[PDB]
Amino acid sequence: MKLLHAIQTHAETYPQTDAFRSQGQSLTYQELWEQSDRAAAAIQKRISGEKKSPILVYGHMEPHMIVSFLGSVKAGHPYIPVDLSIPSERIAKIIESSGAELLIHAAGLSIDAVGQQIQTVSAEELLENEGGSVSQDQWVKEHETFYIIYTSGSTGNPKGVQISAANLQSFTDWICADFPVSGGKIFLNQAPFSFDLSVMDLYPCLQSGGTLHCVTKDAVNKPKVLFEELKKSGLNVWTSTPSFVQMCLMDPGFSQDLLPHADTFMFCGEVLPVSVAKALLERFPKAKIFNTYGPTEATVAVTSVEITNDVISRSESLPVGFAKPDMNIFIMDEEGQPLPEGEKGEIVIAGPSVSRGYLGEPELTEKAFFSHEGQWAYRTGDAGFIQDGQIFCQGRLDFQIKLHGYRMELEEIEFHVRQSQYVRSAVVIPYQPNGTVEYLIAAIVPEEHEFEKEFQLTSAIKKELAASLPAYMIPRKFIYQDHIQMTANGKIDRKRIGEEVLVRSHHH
C-alpha cells in the first residue's frame, strides 16, 4: 500500500488518533491529511507544475514540517528538508543546485531570519488556502522523486540524493513488515528531518498509523527536560544514532524505568558500539535491539540484525545485518569484481532502495552509481566482508567520516577552510584514537594577515565557516604551521601531520 494511501486511510478510519507530537503541539491523522491537502493546493498556485522542481521545507520539528512534506508530494513536487542548523550559505548552495522555486518556513521567521533568493512562504500563510484539495493523480508516484536529502560533498558543495516514491515505499514496507513496529505504536524522533535517519521512524510510523513523538534540539540541550519529555512520551519505538542513546545511557536514570513502554530499539547511521548494546540489554529487558546499516544514497538502511547477547559474544564487532530481503549486496574489489565470504572489499548495494543519483551532478553520480546485472547499484565507499551471510562493516576507503553520527567529508571542510583569504593551505585531522572520531583538528598554513593574538586569526576563520558549514563540521582545534607535507608528488601525508599535531597537543 503506497504510503500516502495508508495515511489517507488512517485519516478516515481513526481521524482522532494522534499522528504527530512535538513540544506540546499535536496533530491527528485527520488534521495532517486535511492540512497537507490544503497545502498541496496552495502550492500549485505558487509554482509551475511544468517541471517537478524541489520545494525546500525549512524549520526543525514543528507540525508544519510534516504537513509541508506531504503537501509538497501531494502537489507532485519532492521536498528538500532543511533544518534550522543549516547555515545561510549552505542553504543558498542547496537552493542554487536544486532549482527549487519555493521555500516554506514552518513558521513566521524572526529578527533577520529568512534572507534567500527564492519564493518564501510561511506554513501558516499557505494553510489559509481554501477548498484546497488536490487529487491522487497529482501525488508523486513510482520513480518520481519524493524527497531530496542533501549531504556533504567532498568537492566543497553539498550533493542532493534523490529518493523516489518507490525507493521510500520499498524501505517503508520493509520496516513495517520485518520489524516489531506495527500496531500503531509511539515512535520517537530525535534526528532532524534533514538527515534520512529520521525517515526510519517518520514514514514507517505514519504508514503503520502510529504516533510520532519528537524530541527537539531544545530538549536535548537540557538533560533534565530531555528525560522529563521522554518519560511522559510513553514511546514504544526508539530510533536514533548510537551516539544519541549513548549520551542518554550516560545517566543511570535512563533504563526500563524511565521508558516503561519502550520495546524496540532501531539504530542506524554509525557503528553501534558493543558496549552500548550490552547496556541496553541490561537496562531495557523488555525491548529488542536492531542494528541496520546503509548510506543515504540507498534510502536509510539496507540491512538489519537483532542484537542479542548471543550475537554479542559471537563477535567483538557487531555485524550490520543481513540484506534487505529484496536488496543485493556484494563485496566488490579494487578491480571492480565480486569477492567470496571472508575477503575484505567495498560494500556494494544493488536494488530498489538505490537512488537514481545526485541532483544536477551527473559526473558525481556516474562515479558512484552503476548498472550491475541489470539493477541500479551504488559503491558505498565502505570496506567490509560477509561472514555467515551477514555483512560486517569496517572503516571507509575514502576521506568521509562520522563524528558523533554526523556524516561529513574531510575534503569539503578543507575546501572551505582553504577558501578563506587568511588561509593558504589546510588539512583537517580527525582525532580518532580508538576508531570513533571525537573531534577534528585543522592544521593551517596561514596567509600573512594583520591580526594580534591567535584566537584572532582562528576566530575570523571559524566565523566564516559558521556561514557555510553546519556547526558539527567546524573543526574544534586550529593549529598553524609553515607548510604541508605533500606526498605522492603532491598528495599530502595526512598520517604524519596528525602525529605532529598530537605531539604539539602535549606542549602547552
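One-based numbering along the sequence shown.
Trainee: Mean C-alpha B-factor higher for 71-79, or for 409-417?
Mentor: Higher mean C-alpha B-factor: 409-417.
Trainee: Of the two stretches 158-166 and 278-286, which shows the higher Cα B-factor on average in the entry?
Mentor: Result: 278-286.
Trainee: Would you mind finding, among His60, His64, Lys453, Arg476, the residue with the largest C-alpha temperature factor in the entry?
Mentor: In this record, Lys453 carries the highest C-alpha B-factor of the candidates.
Trainee: Thinking about Cα B factors across the chain, which third does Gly108 belong to?
Mentor: Highest third of the chain for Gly108's C-alpha B-factor.
Trainee: When the deposited Cα B-factors of this chain's modelled residues are ordered and cut into thirds, is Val348 in the lowest, the middle or the highest one?
Mentor: It belongs to the middle third of the chain when residues are ordered by C-alpha B-factor.
Trainee: What third of the chain, by the recorded C-alpha B-factor, contains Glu334?
Mentor: Its C-alpha B-factor belongs to the highest third of this chain's values.
Trainee: Relative to the other modelled residues of the same chain, rank the CA B-factor of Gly183 and answer lowest, middle or highest third.
Mentor: Tercile = highest for this residue's CA B-factor.
Trainee: C-alpha B factor of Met1, ranked within the chain: lowest, middle or highest third?
Mentor: Its C-alpha B-factor, which the entry lists for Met1, ranks in the highest third among residues of this chain.
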